[PDB]
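Before any questions on how it binds or moves, here is one chain, the form solved without the ligand, in structure tokens.
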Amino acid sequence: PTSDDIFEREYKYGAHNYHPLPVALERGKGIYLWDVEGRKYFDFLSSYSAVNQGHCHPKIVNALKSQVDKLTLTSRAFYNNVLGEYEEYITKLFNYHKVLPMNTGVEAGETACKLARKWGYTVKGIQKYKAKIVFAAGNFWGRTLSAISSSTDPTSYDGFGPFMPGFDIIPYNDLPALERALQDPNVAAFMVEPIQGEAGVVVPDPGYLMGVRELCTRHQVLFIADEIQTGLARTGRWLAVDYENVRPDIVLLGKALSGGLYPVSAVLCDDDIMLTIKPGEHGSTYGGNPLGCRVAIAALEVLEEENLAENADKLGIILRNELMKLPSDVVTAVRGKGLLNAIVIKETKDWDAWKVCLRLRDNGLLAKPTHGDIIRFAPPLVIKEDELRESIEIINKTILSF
């Protein structure tokens, strides 16, 4: 049951919606992954921050194992005993009054859009159905029809039927564009990533988040912060927005929310927003099921108890400094916060990000290329400094091998 057999089998029986890096994992623990040949790799993607806590963290594993013997899903037609414990926990952790639980990140984004529209019509007073939601170019929040209706990436939306109206797009990291867009009284919300992940770890300028908060407040517009990738210690704070002491109106969480053990996502906001959705008006079969809730409690507890945000801050400083010591001839840019980082290489035709990642794979490190000139470096947050310096030397060997 080799790696090539796995590639071929998936090519035969599975959709071709991905072209993954040709490596076939079968075990994961902490910062490490093992393929079916027994080869060991540093994971420098962390499943897009879903395993911030490392792969198969034993406390989250134990929470899942303990709960799976009791009860896993009643549906929301009845109550289960776990959901409320988790809701109190996560709301008090992030100091929002309420949470709406969902499963995937895009379901959290859709929930946020529905909340913004319902609030805009029933509270702000926009006429049905004139509500607009503003997004930043380069945004990524999933693959539903709506989500790709706000994309600026043609691969996401081209050929996928007519698009959700009411979505306007402005440049990222651009306060004057936001002010100009918010002159429109029918804007109900602005949704933005504090750091754009899929776009290539694009870090906006100091003050951007503060200005977004001020503009949204001034024009009674909801500030939706998509922290599904940037949150939960990955950038060195509980929320990337904490770097500028900014309180969004809606915060979206996911991925690391379960440590990779279960699709859990969360929409956090206060009553004046959350309660515009009445009973029967929104939900999900698996949303708030007790199994996901137990593992999400454990995953948040791991993040707090092992102080992973402080570790991500320190080791990210180290990582970026070392990466900046790479030649300007070859690495065009280094950027990121905490342990969410990326490099931009000087792509030729002899040489692109895909080849760099193939060779990183050869040398024991797994990283994702994002367009042909960007490579993300994002190891799990439980990585130690010596493991990080070994990985950095793998990166150096690989980059200078060309």
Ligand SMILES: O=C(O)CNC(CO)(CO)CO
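We number the residues from 1 along the sequence you see.
Below: the form solved in complex with the ligand, not depicted.
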Q) Which of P290, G211, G166, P204 has a heavy atom within 4.5 Å of the ligand in the deposited bound form? A) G166
(Q) Please identify the residue among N311, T72, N173, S149 with any heavy atom within 4.5 Å of the ligand in the deposited bound form. (A) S149
Q: Just one of 232 to 240, 86 to 94, 213 to 221, 156 to 164 has residues with a heavy atom within 4.5 Å of the ligand in the deposited bound form, so point it out.
A: 156 to 164
